[PDB]
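Report on one structure; see the data block that follows.
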Amino acid sequence: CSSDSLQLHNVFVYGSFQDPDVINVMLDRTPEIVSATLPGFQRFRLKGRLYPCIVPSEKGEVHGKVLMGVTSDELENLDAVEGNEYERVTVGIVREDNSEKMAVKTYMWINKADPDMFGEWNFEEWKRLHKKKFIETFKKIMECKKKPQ
């Protein structure tokens, strides 16, 4: 972080604002974006009736992006825009750069028990096969056990 976030703000994006092009249009510019991980939350996916939302999931983590260096008018404007169906909450995200943790705002889905948002996110599906990446180092370990794989 060198964007200076005192009077400037940093927000973790998820749905509509996860694209910098819409950011340039909706406000003017696009704050420095960083890949961050929000542990303890999960993003769901859909478009049409409902959109990608963020809900507290103990078994989940959301890899998304953080917009840092946004001005206060726009920060309230984001609250105005997202506030229609979301609430602005503070969360802890981890830099996918290092392993640094930060506290940012994000918009969380207010209805915690919702069947409309129910869908497996790309990352959940990938998290499954992503296991295999770890398993690869274990897969060799079977040789010692009985059978090299």
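Every chain in the structure tokens takes a letter, A first, then B, and so on in the order presented; its residues are numbered from 1, and the ligands are numbered from 1 following the presented order.
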message: Which residues are near segment 1-9 of chain A? Cut-off 9 Å, only C-alpha atoms, ignore same chain within fewer than 2 positions. Put them as a PyMOL selection string.
response: chain A and resi 11+31-32+67-72+75+104-105
field: Secondary structure check, strand (DSSP E) residues of chain A, as number ranges by chain
entry: A: 9-13, 32-39, 42-43, 54-55, 61-70, 86-95, 101-109
- prompt: Smallest atom-to-atom distance to residue 10 of chain A: which of A:146, A:128, A:65, A:140, using only C-alpha atoms?
  reply: A:65
query: Mind checking DSSP for segment 87-136 of chain A and telling me the alpha helix (DSSP H) residues as a VMD selection string?
result: chain A and resid 122 to 136
Find the residues of segment 15-58 of chain A that sit at most 12 Å from segment 77-85 of chain A; for each, write down the nearest two atoms and how far apart they are in Å, to one decimal. Count only C-alpha atoms. Sort by chain, then by number going up, and give it as JSON lines.
{"residue": "A:15", "atom": "CA", "partner": "A:82", "partner_atom": "CA", "distance": 9.9}
{"residue": "A:16", "atom": "CA", "partner": "A:82", "partner_atom": "CA", "distance": 9.0}
{"residue": "A:17", "atom": "CA", "partner": "A:78", "partner_atom": "CA", "distance": 9.2}
{"residue": "A:23", "atom": "CA", "partner": "A:78", "partner_atom": "CA", "distance": 10.2}
{"residue": "A:26", "atom": "CA", "partner": "A:78", "partner_atom": "CA", "distance": 9.2}
{"residue": "A:27", "atom": "CA", "partner": "A:77", "partner_atom": "CA", "distance": 8.6}
{"residue": "A:49", "atom": "CA", "partner": "A:85", "partner_atom": "CA", "distance": 11.9}
{"residue": "A:50", "atom": "CA", "partner": "A:85", "partner_atom": "CA", "distance": 9.9}
{"residue": "A:51", "atom": "CA", "partner": "A:85", "partner_atom": "CA", "distance": 10.1}
{"residue": "A:52", "atom": "CA", "partner": "A:85", "partner_atom": "CA", "distance": 11.6}
{"residue": "A:53", "atom": "CA", "partner": "A:85", "partner_atom": "CA", "distance": 9.7}
{"residue": "A:54", "atom": "CA", "partner": "A:85", "partner_atom": "CA", "distance": 11.4}
- request: Find the residues around residue 13 of chain A up to 8 Å (only C-alpha atoms counted), leave out those fewer than 5 positions away in its own chain, and share them as a list in words.
  value: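 Surrounding residues, per the criterion: residues 18, 64, 65, 66, 67, 106 and 107 of chain A.
The shortest atom-to-atom distance to residue 58 of chain A, with only C-alpha atoms taken into account, belongs to A:38 out of A:46, A:142, A:38, A:25.
Distance-wise, atom CA of residue 56 of chain A and atom CA of residue 109 of chain A end up 8.8 Å apart.
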- prompt: Closest to residue 63 of chain A among A:87, A:96, A:114, A:76, using only C-alpha atoms?
  reply: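 Distance minimum relative to residue 63 of chain A lands on A:96.
The residue that comes closest to residue 127 of chain A, out of A:35, A:40, A:48, A:62 and on the basis of only C-alpha atoms, is A:62.
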field: Top pick for closest residue to residue 61 of chain A, considering A:21, A:100, A:136, A:124 and counting only C-alpha atoms
entry: A:124
